[PDB]
Amino acid sequence: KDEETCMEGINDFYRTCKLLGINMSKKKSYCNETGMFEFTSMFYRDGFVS
Amino acid sequence: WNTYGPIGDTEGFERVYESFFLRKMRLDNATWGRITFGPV
Amino acid sequence: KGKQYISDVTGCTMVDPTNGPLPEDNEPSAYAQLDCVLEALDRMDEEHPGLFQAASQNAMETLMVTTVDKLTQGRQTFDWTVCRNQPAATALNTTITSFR
Amino acid sequence: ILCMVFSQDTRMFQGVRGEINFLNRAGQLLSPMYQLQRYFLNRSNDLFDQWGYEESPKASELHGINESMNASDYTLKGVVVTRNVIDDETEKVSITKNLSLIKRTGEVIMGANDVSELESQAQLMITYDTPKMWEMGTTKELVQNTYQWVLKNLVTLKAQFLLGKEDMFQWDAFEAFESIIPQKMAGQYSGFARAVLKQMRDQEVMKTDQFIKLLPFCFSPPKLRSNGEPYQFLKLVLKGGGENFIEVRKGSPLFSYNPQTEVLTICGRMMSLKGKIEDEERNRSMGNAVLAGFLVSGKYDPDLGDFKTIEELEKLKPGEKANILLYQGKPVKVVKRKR
Amino acid sequence: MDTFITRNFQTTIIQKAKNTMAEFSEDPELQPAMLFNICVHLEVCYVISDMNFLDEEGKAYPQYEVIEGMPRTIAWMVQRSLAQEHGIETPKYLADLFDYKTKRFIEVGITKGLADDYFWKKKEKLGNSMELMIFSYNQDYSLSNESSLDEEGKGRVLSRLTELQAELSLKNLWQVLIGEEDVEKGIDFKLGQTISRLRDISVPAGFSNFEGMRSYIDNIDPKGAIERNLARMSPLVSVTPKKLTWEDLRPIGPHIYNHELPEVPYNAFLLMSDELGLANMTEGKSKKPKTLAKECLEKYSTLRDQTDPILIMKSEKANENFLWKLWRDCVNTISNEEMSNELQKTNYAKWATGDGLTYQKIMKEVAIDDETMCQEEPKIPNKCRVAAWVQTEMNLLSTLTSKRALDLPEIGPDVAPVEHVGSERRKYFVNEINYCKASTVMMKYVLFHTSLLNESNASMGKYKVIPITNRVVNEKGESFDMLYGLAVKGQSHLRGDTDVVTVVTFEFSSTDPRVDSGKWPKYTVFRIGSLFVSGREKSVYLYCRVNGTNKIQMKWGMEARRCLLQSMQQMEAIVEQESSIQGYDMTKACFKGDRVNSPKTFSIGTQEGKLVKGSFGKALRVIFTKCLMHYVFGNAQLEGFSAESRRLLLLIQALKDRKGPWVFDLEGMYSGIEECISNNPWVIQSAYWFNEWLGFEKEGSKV
Amino acid sequence: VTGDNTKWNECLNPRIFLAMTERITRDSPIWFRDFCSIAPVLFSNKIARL
Amino acid sequence: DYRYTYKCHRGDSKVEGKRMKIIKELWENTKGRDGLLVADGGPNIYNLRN
């Protein structure tokens, strides 16, 4: 609903992956409104891809 | 050999490598259209 | 923070963090509870019914139909007879000769 | 989709998301209707989603269609399929400047933007004569065609050149050839070609090979240096880089001359120039038609020094003699001239 | 074979067999025998399930449910549902057919010999948990239950298989017919004692033997375990989300602004902006480097015959006398007549590069016994402030000179529109960066590294003299053969490719090092003579420097020509983005400009502290220079810094587009970035430029 | 979130992979289950050479 | 790179080499100069469509 609940969900996911042994990188991760992000050296931005 | 070598007979060569010739023929008979960039 | 013991086969120190104490700090942790992993697998299987069974069946069929030569498609392999890094084909040949 | 675009339905207008600033081949903005046509032709899902669906009619032969032309109850509003095929005588129409067909009463029936852009290769080796469209072909073909045109009518070109006017550097063939010349160096090329041709004409060293080689470049307006002296070059480069260059002194893959047999080679094609070559042409070998304001006076003299680059030639002063090299093993000695 | 497959079976059967067997994750072509076997099996089971039917009570007039052919996932879920609904054990192997009457799953098979042994071995494989019927080409049948199939079905199947057997031998296909057991030969897998013990001792804490773990996994229901584990987890395990803001971003590595630290030295292999080529116009023929160097020195004879060196600057450790004598030997070898470029006065070469000062390796036992042999601390890179010469390097390498050094071959005629677009882009790119000094420097670099690599072909235990030459072309068309200096490469007795082979390079230059003393703390420079260009005397210095590089570094230098492709790809990405904003290509419009559009302009740099714009050509030249410098100044620090500045730049972009970025551990990113800013000139200048651009963005975002 | 994982391969445990393999192949022939399990157990006893 | 490695420069080029003399002779004697392979000093015709 609001970014506060989104970040609560992100925190819950972080704790869950910690329980499974997966350690998320706080020093190399960031969050932003959906539409622009990266995935395996492939930047996606509102349709454009590089 | 490519200059003064014996001249052999190449009849029926297209048949042996028919797939490549078919690819080339398909390419030659192409009808290119427009080019459209990303949606954004 | 896991369980430290002595292997009774190789006689080497062994560390087992699984089902260990949960972290109290943001530092990296290797203590993965078995129950959480099992529940996650259960959720995945329920969401994708008939997925694990089909994948396992396909893998076992491929293994049945495969051949030893498949092992030769790989990067440098550690040959134990000489204890070095050798090409996959040479390592496989040396292992086969030793087995013979 | 074209029916949507032509119907001017408000939904089609609302179904545009991105910019529609499309350009045509001539570089002129398309008409708004054709802009929407092109945008929706490239973008079909958006309009189909925006239009809205409805229930198909209950008639036996009438059924709907989805975005991917799949029969379904949900059909584009006002669109239906029908198995009752509808059946598919000549007149004269006038034309205007913009290649737009206008009927007798004046309505436009076919515009210049309705031409499908589907490029293809003709199944038959079509031929054209006009030089205005040679630019469509590759650079080597353009060079071959322009040099063939120059050679075939060489008598008329020589006759007009001997008159000394300027109407012979504006032939349609030269305008077609100018396209493959880089814009930045076109002025210098033309200035140098005009200067060398004028120098050749003044003092009779008329060489057929050099004349043919350097005639096409003379079109573009001259671009001289601040000193008022024409530029100097060793080889004139054309578009496409690499092989596409004409050597001013020895010969290039695009242009070569064999005086022993008197054979002209253009882009790998060989021709005979018998009857267009003077006996004394061979004796005046090359040195009088390679630089502007320079003429031959002697032979290789190691004492004067090694060969001088164009940089030193351009800064030279009148009455001073220098040495140049045509090709490997054929050096020559030249002298600057005021004329 | 495949012709028989497509002729003897309906297209549906062939397609079903093909798509069911393609799930094996292997090539379906080179091995079609199993395709024939699977097609025959599919036909057999289809026939078996087409004659008998049931009713509300079980009238025989369906009874057989087909599981094979359908997708493995759907088949498995259907089988599990049937087993659950009928309250019977689920076979571990996917049954090919199920019976409604017997309430049991069944399997079918096809063989070539007697079916009794096949049935018995299948029973041993599956035990007694599944029924089976088996038929053989040689008229043999086997049924676990005699009340399974009727005479009609058995007769039809027998006739079909007999016909197939008869037809196979007509086209010489029965010979190459593989059996059926081969695909399932391995069904026995017994673990040894040692492996069983290793498995038992490799279970998570809380289990004694692997049997307990297996039972726990196969029995326990762990639903709700994640919530229970998360409830008691400490609150301290939190990502600590933090909304990012413009003021949060701060300059990276402020220490580079500390005037106390020394200036960054010039550690590039070859001089880039200070080069000086002894031009020697040539017709265009290809000649050996030794002859080219000899001719170039002959033209500038005064420099060659210089014997008294006027030392101008000296390195901290290098000896000027040794370097000068080595240079004299190199020029003597170049000016001689022997074809080989091999040094004959090895004295000064050996004693100048410190090749005799290497430690001698002794047996490990002595070192263990010895007490004075101790490991040495790592010489961590020093910390240096901003170097002013990197800005000048970037400025000058992006300028347009009077000469070009690129001559690429031709390509076939362009027909497709994409080819035309690519050709136009290539034309614009080359026209823009043909004469750029960066291109000439790149060509010199790649050519020198190629020559260095080639010289290591057979000469490894000998000194080799190599001139730093280049082939260049000017606008007028006349081509020159430039000589930028010499370099003598030493020996590498070890055959390893990652082993440093010391090479000392003497490059000419026209810049007095005293102007920027901090730019050359590692160079030994003399003064050889003076050239005349426009009647004016300009001095010539000889920068002599020792260096060490390995064969892999030679390969890297050779590949350094990839900067051209890199820059072209960057420009093409820019153009593709511009065109993606629209729906049509934006190449000519963004380069030259159309009626609708205007020539795109890019913010290039700063002039007196104010922003300055420029044409797309200048942006392309700057991109090419940046790529070339990145390749030349490349070390682990540079790649790490780039990898982390990627994340920082992406966050800045998200901020620009009003996407409301959030950062969890910002200081972690900043530390990761600053961990790499130690002594690389390129890294330090990149940090400086990043700080400047970040300040500009901050001050420009308030509008 | 463009998340990244620190020490990904220095935290995953071969025992957890063994558990995953056992759970996945819960309905499969015992011999194939053992064959799949032989790899995780071998990794759980890996010895590194320096 | 291919031409440098195989010493198969264009037949109409002015380069000199052991193989280049025969290449030049073949180029002089050949009529279909567009059909000669690149390895024989002919013109390259490769592009995206082919």
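Working note: 222 nm ellipticity from helices only, DSSP H runs with n ≥ 4, each -39,500 (n - 2.57), summed and divided by the residues of chain D, gives -7500 deg cm²/dmol to the nearest 500.
The mean sequence distance of close C-alpha pairs (under 8 Å, at least 6 residues apart), as a share of the length of region D:292-339, puts its relative contact order at 49 percent. Label sites at residue C:8 and residue G:39, each approximated as a point 7 angstrom past Cα along Cα to Cβ, lie 6.7 nm apart.
Restricting attention to chain E, close to 90% of DSSP beta bridges with both partner residues there are antiparallel.
What's the center-to-center distance, using Cα atoms, between region G:1-39 and region D:1-34 in Å? The distance from the Cα centre of region G:1-39 to that of region D:1-34 comes to 53 Å. Per residue of peptide E:23-31, the mean number of Cβ atoms on other chains within 10 Å of the residue Cβ is 3. Across region D:151-290, the mean sequence separation of Cα contacts (distance under 8 Å, 6 or more residues apart), normalised by length, yields a relative contact order of 22 percent.
Remark on residue A:43: its backbone amide H falls under 5 Å from those of A:50, a criterion applied only to residues 5 or more positions apart or on other chains, H modelled at 1.01 Å from N.
Take the Cα coordinates of the protein assembly as shown, assign each an equal point scatterer, and use the Debye formula without solvent to give log10 I(q)/I(0) at q = 0.05 Å⁻¹. With no solvent term, the Cα-only Debye profile gives -0.61.
Kindly list the residues of region E:97-124 that lie in the label zone of residue E:150, defined by a backbone N under 13 Å from the point 7 Å along the Cα-to-C-beta vector. Residues passing the 13 Å test: none. Take each residue of peptide A:32-38, count the partner chain Cβ atoms within 10 Å of its Cβ, and average: the result is 6. 3J(HN,Hα) along region D:64-81, derived from phi through the Karplus expression 6.51 cos²θ - 1.76 cosθ + 1.60 where θ = phi - 60°, amounts to x, 8, 8, 4, 8, 6, 9, 4, 7, 5, 6, 10, 4, 4, x, 10, 8, 9 Hz, with x in place of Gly and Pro. If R0 is 22 Å, the Cβ-Cβ spacing of residue D:62 and residue D:86 corresponds to a FRET efficiency of close to 0.95.
In this simple spin-label model, placing a label point 7 Å from the Cα along the Cα-to-Cβ direction at both residue A:46 and residue E:408 gives a separation of 3.2 nm.
Every pair of different Cα atoms in chain D enters the Kirkwood calculation, which places the hydrodynamic radius at 25.8 Å. A simple charge model with +1 on the Cβ of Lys and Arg, -1 on the Cβ of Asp and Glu and nothing else charged puts the dipole of the protein assembly as shown at about 7180 debye relative to its Cα centre. Set the bar at 29 Å for Cα to Cα. Now go through E:610/E:656; A:18/E:92; E:379/F:46; D:132/G:21 and name every pair that lies beyond it. From E:610/E:656; A:18/E:92; E:379/F:46; D:132/G:21, over 29 Å: A:18/E:92; E:379/F:46; D:132/G:21. Note on region E:212-297: dipole from Cβ charges, positive end direction compared against E:216, E:249, E:276; the farthest Cα belongs to E:216. Across the alpha-carbon atoms of region E:66-187, the computed radius of gyration and Dmax are 15.7, 49 angstrom.
Shape of chain C from the C-alpha gyration tensor: oblate (a/c of 1.5 or more and a/b not above b/c, with a ≥ b ≥ c the square roots of its eigenvalues). Applying 1/(1 + (r/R0)^6) with r as the Cβ-Cβ distance of residue F:27 and residue E:102 and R0 = 22 angstrom yields a FRET efficiency of 0.50. Database remark: amide H of residue D:245 closer than 5 angstrom to the amide H of D:238, D:254 (H placed geometrically; neighbours at sequence offset of 5 or more, or on other chains; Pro and chain starts carry no H). Over chain E, DSSP H runs of length four or greater, each weighted -39,500 (n - 2.57), average out per residue to a 222 nm ellipticity of -13000 deg cm²/dmol. Only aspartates and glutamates eight or more places from residue E:522 in sequence, or on another chain, were considered; those with a Cα closer than 13 Å are E:263, E:316, E:320. Shielding by partners for peptide E:91-98, expressed as the average number of C-beta atoms from other protein chains within 10 Å of each residue's C-beta, is 2.
Find the centroid of the Cα atoms in region D:230-291 and in region E:383-406, then give the distance between the two in whole Å. Each part reduced to its Cα centre gives a spacing of 42 Å. Amide H contacts of residue E:509: E:541, E:543, each under 5 Å away and 5 or more positions distant or on a separate chain (H built 1.01 Å from N in the peptide plane; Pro and chain starts excluded).
Charges were assigned to the Cβ only: +1 to each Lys and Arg, -1 to each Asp and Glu. The resulting dipole of chain E about its Cα centre is roughly 3560 debye.
Phi-derived couplings, Karplus 6.51 cos²θ - 1.76 cosθ + 1.60 at θ = phi - 60°, listed residue by residue for region D:254-263: 7, 7, 8, 9, 10, x, 4, 9, 6, 10 Hz, with x used for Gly and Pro. Placing unit charges on the Cβ atoms only, positive for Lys and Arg and negative for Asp and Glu, gives chain F a dipole magnitude near 140 debye about its Cα centre.
Applying a 4.7 Å Cβ-Cβ cutoff to chain E, the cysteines left without a disulfide-compatible partner are E:39, E:45, E:296, E:330, E:374, E:384, E:436, E:544, E:590, E:676. Each label was represented as a point 7 Å from its Cα along the Cα-to-Cβ direction; for residue F:7 and residue C:88 these points are 3.3 nm apart.
Cα centroids of region B:6-40 and region E:537-586: 36 Å apart.
To two decimal places, what compactness ratio does region D:1-115 give when its Cα radius of gyration is scaled by 2.2 N^0.38 Å? Output field value: 1.34. When peptides E:549-562, E:364-377, E:528-541 are sorted by average Cβ neighbour count within 10 Å, with the highest value leading, the order is E:549-562, E:528-541, E:364-377.
In chain C, the longest principal axis of the Cα atoms and the axis of helix C:51-65 are about 10 degrees apart. Across region E:312-326, rounded Karplus estimates of 3J(HN,Hα) from the backbone phi angles (6.51 cos²θ - 1.76 cosθ + 1.60, θ = phi - 60°) give 10, 8, 9, 7, 5, 10, 5, 9, 5, 4, 5, 4, 5, 5, 5 Hz, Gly and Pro being marked x. Fewest-first ordering of D:133, A:24 by other beta carbons within 10 Å of each residue's beta carbon gives D:133, A:24. Farthest toward the positive end of the dipole of region E:259-326, out of E:300, E:310, E:321, is the Cα of E:300, where the dipole comes from beta carbon charges about the Cα centre. Oblate is the label for region E:464-558, because the ratio a/c of its alpha-carbon gyration tensor axes (a ≥ b ≥ c) is 1.5 or higher and a/b is not greater than b/c.
With a cut-off of 12 Å on the backbone N, the residues of region E:577-604 near the modelled label site 7 Å out from residue E:656 along Cα-Cβ are E:603.
Placing a label point 7 Å from the Cα of residue C:42 along the Cα-to-Cβ line, the residues of region E:215-247 whose backbone N sits under 11 Å from it are E:217-227.
Using the Cβ-Cβ distance between residue A:1 and residue E:248 with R0 = 25 Å, the FRET efficiency computed as 1/(1 + (r/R0)^6) comes to roughly 0.50. Ranking of E:468, D:1 by neighbouring Cβ atoms within 10 Å, starting from the fewest: D:1, E:468. Of the listed pairs D:315/E:618; D:315/G:14; E:444/E:613; D:184/D:308; E:299/E:538, which have alpha-carbon separations greater than 23 Å here? Table pairs above 23 Å Cα-Cα are D:315/E:618; D:315/G:14; E:444/E:613; D:184/D:308.
Dipole of chain E computed with +1 at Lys/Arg Cβ and -1 at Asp/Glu Cβ about the Cα centre; of E:680, E:91, E:402, farthest Cα towards the positive end is E:402. As a rough guide to protection, the peptides C:31-43, E:239-251 ranked by mean Cβ packing within 10 Å, highest first, stand as C:31-43, E:239-251.
Contact order, relative form, for chain C: 12 percent (alpha carbon pairs under 8 Å, 6 or more residues apart, mean separation divided by residue count). Cβ crowding within 10 Å, taken as a proxy for footprinting-reagent exposure, orders E:648, E:311 from fewest neighbours to most as E:311, E:648. Quick check: from the Cα gyration tensor, does region D:132-281 come out rounded (a/c under 1.5), prolate or oblate? Because its axes are fairly even, with a/c under 1.5, region D:132-281 counts as rounded. Net charge of the neighbourhood of residue D:134, taken over other residues with C-beta under 12 Å away and scored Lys/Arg +1, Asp/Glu -1, is -4.
All of the numbers you see were taken from the coordinates with simple rules; none came from a lab. Cβ: placed from backbone, ideal geometry, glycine included. Neighbour counts: every protein chain shown.
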